[PDB]
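Student: If you scroll down you'll find the structure; I have some questions about it.
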Amino acid sequence: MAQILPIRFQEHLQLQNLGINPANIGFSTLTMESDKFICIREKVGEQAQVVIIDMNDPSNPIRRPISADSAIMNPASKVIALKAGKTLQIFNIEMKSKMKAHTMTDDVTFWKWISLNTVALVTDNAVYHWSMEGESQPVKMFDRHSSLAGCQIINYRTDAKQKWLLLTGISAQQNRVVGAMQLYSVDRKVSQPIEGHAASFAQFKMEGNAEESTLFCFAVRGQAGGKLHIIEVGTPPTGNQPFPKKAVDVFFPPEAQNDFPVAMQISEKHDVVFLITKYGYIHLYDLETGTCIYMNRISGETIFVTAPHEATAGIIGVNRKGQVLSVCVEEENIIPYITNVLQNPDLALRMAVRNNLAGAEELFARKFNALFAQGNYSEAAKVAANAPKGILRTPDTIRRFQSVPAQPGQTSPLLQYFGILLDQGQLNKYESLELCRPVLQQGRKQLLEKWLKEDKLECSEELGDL
């Protein structure tokens, strides 16, 4: 009995309401390189046309008598890549300006707006990336893997920095749509296949690590069943402890018989992976721990084209029914869910820290109470002077500290907090104040002067009164 809702489902519109042919509501006849627009091709009578529907004002769909193989619009701009067999034309509808065009030697097995200006085009043998910058041409960043050879190329993925490029090829092999995904490392210049029904690369900074590690999430149903796996990509940044690669099973009810993952989205905003399976079933999993957060069918019709719901960091997509559907975390606060349903005040703490969300405030101060109590005045000091929203930068924190005298084996806790503060330069009113106040009486007022000049304090009129 899920007495609370951690997500929000949203149908944004209906293309049929927009007078769009449901037949022209089709992955072939529909294009969404981003939630920004909806590019739909539609032969109005004998007139082959393309409908452009900006989510901003779907009440006006931009319909154009375009007759191209297909039209993918720049994920943010009204420039659109228009295939004419091998003649792809990255052209702008905004100014109706033919931005750029090129004829490949081989018909584009698949091409998608991988950047705001690059299309990675796929040949039957290689994937070639075309920016609409200048006379830049489609550039083969890598080749098709024999693993995906002949497998229905659904989608191509790329690293956030495009240093790892994933291609998807599927095959209804032996009554089973073998969704295989080939990842190519740009920098290591090597490619690799995976069996994958949905995937995603995500840049997450592990708790306590210095930078984001590109996390490749990827879900797939196999003989082992539906299974999602979260792995860092490439070497971890120096000083970064590598992301522990994850592995989780995507469950499919008996009625989900032969359903398989089709759409994976992650809200880095929450570091949680939203996975949509074939039959319109959604699954929510922790980006970091693969923790199955939620799973349910949100549509009987497959949401054939989805998009990360940027407005909400969730996912947004269109079903068969032309309904622009979206799901996103009901982020009143995720911490209550983790604490109560997931029964994880600890994981609530962690997802908070990595996402800087309120609710673990209590739990934060608890962590503090521990570390301080555990003599970890170093760690507790760091998280104190650097508490998100100053939760442990309150004065009473500093007073706790001032109670704690010098302690061998460590810096005097007090001095630990204080070194942090001075190193933090200008500070808060409680910080600057409770800094000067003893040091005033401590007769080190000259050092206080220095911090004032050196702006290691607020230089506040409070201190002026002091």
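Residue numbers start at 1 in each chain; chains themselves are named A, B, ... in the order of the structure tokens; ligands are numbered from 1 in the order shown.
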Might you pull out every residue within 8 Å of residue 225 in chain A, with only C-alpha atoms counted and same-chain residues fewer than 2 positions away left off, and present them as number ranges by chain?

Tutor: A: 220-223, 227, 249-251

Student: May I have the residues within 9 Å of range 417-421 of chain A as a PDB file with N, CA, C and O atoms, in the first residue's frame, using only C-alpha atoms and disregarding those fewer than 6 positions away in the same chain?

Tutor:
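Done, and the output landed in result_34.pdb:
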```pdb
ATOM      1  N   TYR A 377      36.210  15.207  15.079  1.00  0.00           N
ATOM      2  CA  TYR A 377      36.030  16.641  14.976  1.00  0.00           C
ATOM      3  C   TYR A 377      36.574  17.164  13.672  1.00  0.00           C
ATOM      4  O   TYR A 377      36.183  18.245  13.239  1.00  0.00           O
ATOM      5  N   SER A 378      37.506  16.436  13.069  1.00  0.00           N
ATOM      6  CA  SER A 378      37.946  16.767  11.725  1.00  0.00           C
ATOM      7  C   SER A 378      36.790  16.673  10.748  1.00  0.00           C
ATOM      8  O   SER A 378      36.368  17.679  10.171  1.00  0.00           O
ATOM      9  N   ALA A 380      33.565  15.987  11.251  1.00  0.00           N
ATOM     10  CA  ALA A 380      32.415  16.735  11.724  1.00  0.00           C
ATOM     11  C   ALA A 380      32.643  18.228  11.574  1.00  0.00           C
ATOM     12  O   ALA A 380      31.717  18.975  11.259  1.00  0.00           O
ATOM     13  N   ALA A 381      33.885  18.672  11.743  1.00  0.00           N
ATOM     14  CA  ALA A 381      34.228  20.070  11.529  1.00  0.00           C
ATOM     15  C   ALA A 381      34.021  20.467  10.081  1.00  0.00           C
ATOM     16  O   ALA A 381      33.410  21.502   9.791  1.00  0.00           O
ATOM     17  N   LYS A 382      34.554  19.665   9.164  1.00  0.00           N
ATOM     18  CA  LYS A 382      34.408  19.958   7.747  1.00  0.00           C
ATOM     19  C   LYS A 382      32.946  20.077   7.377  1.00  0.00           C
ATOM     20  O   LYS A 382      32.522  21.072   6.779  1.00  0.00           O
ATOM     21  N   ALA A 384      30.588  20.620   9.276  1.00  0.00           N
ATOM     22  CA  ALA A 384      29.956  21.675  10.052  1.00  0.00           C
ATOM     23  C   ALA A 384      30.113  23.012   9.363  1.00  0.00           C
ATOM     24  O   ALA A 384      29.128  23.622   8.939  1.00  0.00           O
ATOM     25  N   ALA A 385      31.356  23.463   9.203  1.00  0.00           N
ATOM     26  CA  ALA A 385      31.609  24.731   8.539  1.00  0.00           C
ATOM     27  C   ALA A 385      31.150  24.718   7.092  1.00  0.00           C
ATOM     28  O   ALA A 385      30.994  25.784   6.491  1.00  0.00           O
ATOM     29  N   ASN A 386      30.935  23.539   6.521  1.00  0.00           N
ATOM     30  CA  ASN A 386      30.429  23.429   5.165  1.00  0.00           C
ATOM     31  C   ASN A 386      29.085  22.726   5.109  1.00  0.00           C
ATOM     32  O   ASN A 386      28.786  22.063   4.112  1.00  0.00           O
ATOM     33  N   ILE A 398      29.183  25.996  16.952  1.00  0.00           N
ATOM     34  CA  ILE A 398      30.446  26.557  17.402  1.00  0.00           C
ATOM     35  C   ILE A 398      30.546  26.474  18.914  1.00  0.00           C
ATOM     36  O   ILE A 398      31.635  26.336  19.475  1.00  0.00           O
ATOM     37  N   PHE A 401      31.529  23.133  19.939  1.00  0.00           N
ATOM     38  CA  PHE A 401      32.964  23.052  19.730  1.00  0.00           C
ATOM     39  C   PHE A 401      33.708  23.688  20.888  1.00  0.00           C
ATOM     40  O   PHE A 401      34.607  23.077  21.475  1.00  0.00           O
ATOM     41  N   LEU A 427      32.963  34.660   6.408  1.00  0.00           N
ATOM     42  CA  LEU A 427      32.200  33.599   7.036  1.00  0.00           C
ATOM     43  C   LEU A 427      30.805  34.103   7.350  1.00  0.00           C
ATOM     44  O   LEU A 427      30.317  35.064   6.754  1.00  0.00           O
ATOM     45  N   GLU A 431      29.594  32.380  12.642  1.00  0.00           N
ATOM     46  CA  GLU A 431      30.975  31.981  12.443  1.00  0.00           C
ATOM     47  C   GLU A 431      31.927  33.094  12.846  1.00  0.00           C
ATOM     48  O   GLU A 431      32.700  32.938  13.796  1.00  0.00           O
ATOM     49  N   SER A 432      31.855  34.235  12.159  1.00  0.00           N
ATOM     50  CA  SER A 432      32.754  35.345  12.454  1.00  0.00           C
ATOM     51  C   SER A 432      32.680  35.744  13.918  1.00  0.00           C
ATOM     52  O   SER A 432      33.709  35.965  14.568  1.00  0.00           O
ATOM     53  N   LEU A 435      33.972  33.313  16.358  1.00  0.00           N
ATOM     54  CA  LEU A 435      35.408  33.313  16.154  1.00  0.00           C
ATOM     55  C   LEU A 435      36.062  34.414  16.967  1.00  0.00           C
ATOM     56  O   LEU A 435      36.907  34.144  17.827  1.00  0.00           O
ATOM     57  N   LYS A 456      39.116  36.938   6.552  1.00  0.00           N
ATOM     58  CA  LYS A 456      38.807  35.632   7.101  1.00  0.00           C
ATOM     59  C   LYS A 456      37.662  35.716   8.088  1.00  0.00           C
ATOM     60  O   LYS A 456      37.377  34.743   8.791  1.00  0.00           O
ATOM     61  N   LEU A 457      37.006  36.866   8.152  1.00  0.00           N
ATOM     62  CA  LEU A 457      35.835  37.056   8.982  1.00  0.00           C
ATOM     63  C   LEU A 457      34.834  37.872   8.189  1.00  0.00           C
ATOM     64  O   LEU A 457      35.130  38.379   7.107  1.00  0.00           O
TER      65      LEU A 457
END
```

Student: Could you pull out the residues in range 286-462 of chain A that DSSP calls alpha helix (DSSP H) from the backbone, as a PyMOL selection string?

Tutor: chain A and resi 335-340+345-355+361-373+377-385+395-403+413-423+429-441+445-453+461-462

Student: Compare A:11, A:177, A:89, A:44 by their minimum atom-to-atom distance to residue 262 in chain A, counting only C-alpha atoms, and give me the closest one.

Tutor: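 Comparing A:11, A:177, A:89, A:44 against residue 262 in chain A, the winner is A:177.
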
Student: Go ahead and compute the interatomic distance for CA of residue 67 in chain A and CA of residue 319 in chain A, in Å to one decimal.

Tutor: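 Separating CA of residue 67 in chain A from CA of residue 319 in chain A is a distance of 24.1 Å.
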
Student: Near residue 325 in chain A, within 12 Å and counting only C-alpha atoms, which residues show up once chain neighbours fewer than 3 positions away are dropped, as a PyMOL selection string?

Tutor: chain A and resi 8-15+35+55+276+280+282+298-299+301-309+314-322+328

Student: Put those residues in a file: N, CA and C atoms, as an mmCIF file, in the first residue's frame.

Tutor:
```cif
data_model
loop_
_atom_site.group_PDB
_atom_site.id
_atom_site.type_symbol
_atom_site.label_atom_id
_atom_site.label_comp_id
_atom_site.auth_asym_id
_atom_site.auth_seq_id
_atom_site.Cartn_x
_atom_site.Cartn_y
_atom_site.Cartn_z
ATOM 1 N N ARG A 8 5.482 11.944 -10.308
ATOM 2 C CA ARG A 8 4.399 12.697 -10.918
ATOM 3 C C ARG A 8 4.305 12.316 -12.384
ATOM 4 N N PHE A 9 3.155 11.788 -12.787
ATOM 5 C CA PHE A 9 2.900 11.434 -14.175
ATOM 6 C C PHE A 9 2.135 12.575 -14.816
ATOM 7 N N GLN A 10 2.471 12.886 -16.063
ATOM 8 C CA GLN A 10 1.877 14.019 -16.755
ATOM 9 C C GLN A 10 1.734 13.724 -18.236
ATOM 10 N N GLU A 11 0.500 13.735 -18.726
ATOM 11 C CA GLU A 11 0.250 13.841 -20.155
ATOM 12 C C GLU A 11 0.254 15.314 -20.514
ATOM 13 N N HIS A 12 1.148 15.698 -21.412
ATOM 14 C CA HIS A 12 1.276 17.109 -21.726
ATOM 15 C C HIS A 12 0.307 17.534 -22.816
ATOM 16 N N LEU A 13 -0.091 16.605 -23.679
ATOM 17 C CA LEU A 13 -0.996 16.936 -24.767
ATOM 18 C C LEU A 13 -1.386 15.660 -25.490
ATOM 19 N N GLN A 14 -2.186 15.832 -26.536
ATOM 20 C CA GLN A 14 -2.565 14.751 -27.434
ATOM 21 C C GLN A 14 -2.414 15.237 -28.866
ATOM 22 N N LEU A 15 -1.534 14.586 -29.624
ATOM 23 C CA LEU A 15 -1.323 14.984 -31.010
ATOM 24 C C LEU A 15 -2.598 14.833 -31.827
ATOM 25 N N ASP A 35 12.555 17.236 -25.618
ATOM 26 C CA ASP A 35 11.247 17.720 -25.205
ATOM 27 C C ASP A 35 10.932 19.094 -25.771
ATOM 28 N N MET A 55 6.902 22.022 -27.398
ATOM 29 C CA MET A 55 6.208 21.796 -26.139
ATOM 30 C C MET A 55 5.855 23.105 -25.457
ATOM 31 N N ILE A 276 11.524 2.783 -18.429
ATOM 32 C CA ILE A 276 10.246 2.435 -19.027
ATOM 33 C C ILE A 276 10.443 1.165 -19.832
ATOM 34 N N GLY A 280 4.886 -0.142 -21.542
ATOM 35 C CA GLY A 280 4.553 1.079 -20.845
ATOM 36 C C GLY A 280 4.759 1.001 -19.355
ATOM 37 N N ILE A 282 6.828 1.569 -16.061
ATOM 38 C CA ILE A 282 7.914 2.411 -15.593
ATOM 39 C C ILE A 282 8.607 1.705 -14.444
ATOM 40 N N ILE A 298 2.709 2.706 -16.573
ATOM 41 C CA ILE A 298 2.129 4.034 -16.703
ATOM 42 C C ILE A 298 1.366 4.201 -18.000
ATOM 43 N N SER A 299 1.407 3.215 -18.888
ATOM 44 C CA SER A 299 0.728 3.297 -20.166
ATOM 45 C C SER A 299 0.592 1.899 -20.736
ATOM 46 N N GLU A 301 -0.030 1.647 -23.990
ATOM 47 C CA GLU A 301 0.702 1.907 -25.213
ATOM 48 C C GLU A 301 2.149 2.207 -24.873
ATOM 49 N N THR A 302 3.048 1.649 -25.664
ATOM 50 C CA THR A 302 4.456 1.923 -25.467
ATOM 51 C C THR A 302 4.734 3.385 -25.769
ATOM 52 N N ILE A 303 5.502 4.017 -24.896
ATOM 53 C CA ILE A 303 5.935 5.388 -25.092
ATOM 54 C C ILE A 303 7.135 5.320 -26.017
ATOM 55 N N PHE A 304 6.866 5.297 -27.315
ATOM 56 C CA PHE A 304 7.902 5.000 -28.288
ATOM 57 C C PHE A 304 8.977 6.066 -28.345
ATOM 58 N N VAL A 305 8.613 7.323 -28.140
ATOM 59 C CA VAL A 305 9.588 8.399 -28.077
ATOM 60 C C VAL A 305 9.455 9.068 -26.724
ATOM 61 N N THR A 306 10.542 9.079 -25.967
ATOM 62 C CA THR A 306 10.581 9.738 -24.680
ATOM 63 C C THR A 306 11.658 10.804 -24.707
ATOM 64 N N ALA A 307 11.785 11.503 -23.588
ATOM 65 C CA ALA A 307 12.815 12.510 -23.419
ATOM 66 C C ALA A 307 12.981 12.767 -21.936
ATOM 67 N N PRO A 308 14.187 13.101 -21.495
ATOM 68 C CA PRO A 308 14.350 13.540 -20.111
ATOM 69 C C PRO A 308 13.540 14.797 -19.884
ATOM 70 N N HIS A 309 12.606 14.718 -18.953
ATOM 71 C CA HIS A 309 11.734 15.847 -18.676
ATOM 72 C C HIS A 309 12.582 16.885 -17.965
ATOM 73 N N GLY A 314 12.716 14.583 -14.761
ATOM 74 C CA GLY A 314 12.106 13.297 -14.992
ATOM 75 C C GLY A 314 12.214 12.896 -16.447
ATOM 76 N N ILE A 315 11.290 12.068 -16.860
ATOM 77 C CA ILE A 315 11.223 11.657 -18.251
ATOM 78 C C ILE A 315 9.910 12.146 -18.828
ATOM 79 N N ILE A 316 9.940 12.497 -20.105
ATOM 80 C CA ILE A 316 8.752 12.921 -20.825
ATOM 81 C C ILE A 316 8.750 12.227 -22.174
ATOM 82 N N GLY A 317 7.598 11.705 -22.567
ATOM 83 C CA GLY A 317 7.538 10.970 -23.811
ATOM 84 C C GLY A 317 6.148 10.948 -24.394
ATOM 85 N N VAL A 318 6.044 10.362 -25.579
ATOM 86 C CA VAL A 318 4.772 10.235 -26.273
ATOM 87 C C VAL A 318 4.461 8.759 -26.426
ATOM 88 N N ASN A 319 3.252 8.380 -26.047
ATOM 89 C CA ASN A 319 2.787 7.024 -26.240
ATOM 90 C C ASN A 319 2.397 6.815 -27.695
ATOM 91 N N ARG A 320 1.791 5.664 -27.966
ATOM 92 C CA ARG A 320 1.163 5.463 -29.261
ATOM 93 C C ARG A 320 0.053 6.471 -29.495
ATOM 94 N N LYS A 321 -0.625 6.880 -28.433
ATOM 95 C CA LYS A 321 -1.828 7.685 -28.538
ATOM 96 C C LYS A 321 -1.548 9.162 -28.736
ATOM 97 N N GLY A 322 -0.349 9.525 -29.174
ATOM 98 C CA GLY A 322 -0.025 10.921 -29.316
ATOM 99 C C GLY A 322 -0.007 11.690 -28.021
ATOM 100 N N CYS A 328 8.094 12.107 -13.379
ATOM 101 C CA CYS A 328 9.163 12.791 -12.684
ATOM 102 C C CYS A 328 8.944 12.634 -11.195
#
```

Student: Between A:32, A:1, A:51, A:406, single out the one closest to residue 19 in chain A, counting only C-alpha atoms.

Tutor: A:51

Student: Between CA of residue 159 in chain A and CA of residue 263 in chain A, what is the distance in Å, rounded to a tenth?

Tutor: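 The value is 17.0 Å.
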
Student: Out of range 35-186 of chain A, which residues get strand (DSSP E or B) from DSSP, as a ChimeraX atom specification?

Tutor: /A:39-44,47-53,61-64,70-73,79-84,87-92,100-103,110-113,118-122,126-131,139-143,152-158,164-173,176-185

Student: Could you list, as a PyMOL selection string, every residue within 10 Å of residue 104 in chain A, counting only C-alpha atoms and ignoring same-chain residues fewer than 4 positions away?

Tutor: chain A and resi 83-88+108+121+123+128+137-138

Student: Tell me, in Å to one decimal, how far CA of residue 375 in chain A is from CA of residue 402 in chain A.

Tutor: 14.0 Å

Student: Go through A:404, A:95, A:52, A:358 one by one, measure the shortest atom-to-atom distance of each to residue 373 in chain A using only C-alpha atoms, and give the residue with the smallest value.

Tutor: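 Counting only C-alpha atoms, the residue closest to residue 373 in chain A is A:404.
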
Student: Just the residues within 8 Å of residue 391 in chain A, please, counting only C-alpha atoms, with nothing from its chain fewer than 5 positions along; format it as a JSON list (two decimals) with N, CA, C and O atoms, in the first residue's frame.

Tutor:
```json
[["chain", "number", "residue", "atom", "x", "y", "z"],
["A", 361, "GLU", "N", 18.29, 17.20, 7.63],
["A", 361, "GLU", "CA", 18.80, 18.21, 8.55],
["A", 361, "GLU", "C", 19.01, 17.61, 9.93],
["A", 361, "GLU", "O", 20.11, 17.65, 10.48],
["A", 364, "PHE", "N", 21.53, 15.03, 9.35],
["A", 364, "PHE", "CA", 22.84, 15.67, 9.28],
["A", 364, "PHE", "C", 23.39, 15.90, 10.67],
["A", 364, "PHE", "O", 24.38, 15.28, 11.07],
["A", 365, "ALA", "N", 22.71, 16.75, 11.45],
["A", 365, "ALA", "CA", 23.15, 17.03, 12.81],
["A", 365, "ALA", "C", 23.43, 15.75, 13.58],
["A", 365, "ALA", "O", 24.29, 15.73, 14.46],
["A", 384, "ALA", "N", 30.59, 20.62, 9.28],
["A", 384, "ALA", "CA", 29.96, 21.67, 10.05],
["A", 384, "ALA", "C", 30.11, 23.01, 9.36],
["A", 384, "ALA", "O", 29.13, 23.62, 8.94]]
```

Student: Name the residues in contact with residue 5 in chain A at a cut-off of 10 Å, using only C-alpha atoms, excluding same-chain residues fewer than 6 positions from it; report them as a ChimeraX atom specification.

Tutor: /A:294,329-332,337

Student: Mind checking which residues fall within 10 Å of range 165-168 of chain A, counting only C-alpha atoms, ignoring those fewer than 5 positions away in the same chain, and posting them as an NGL selection string?

Tutor: :A and (120 or 122 or 127 or 141-145 or 147-148 or 151-160 or 179-186 or 190-201 or 216)
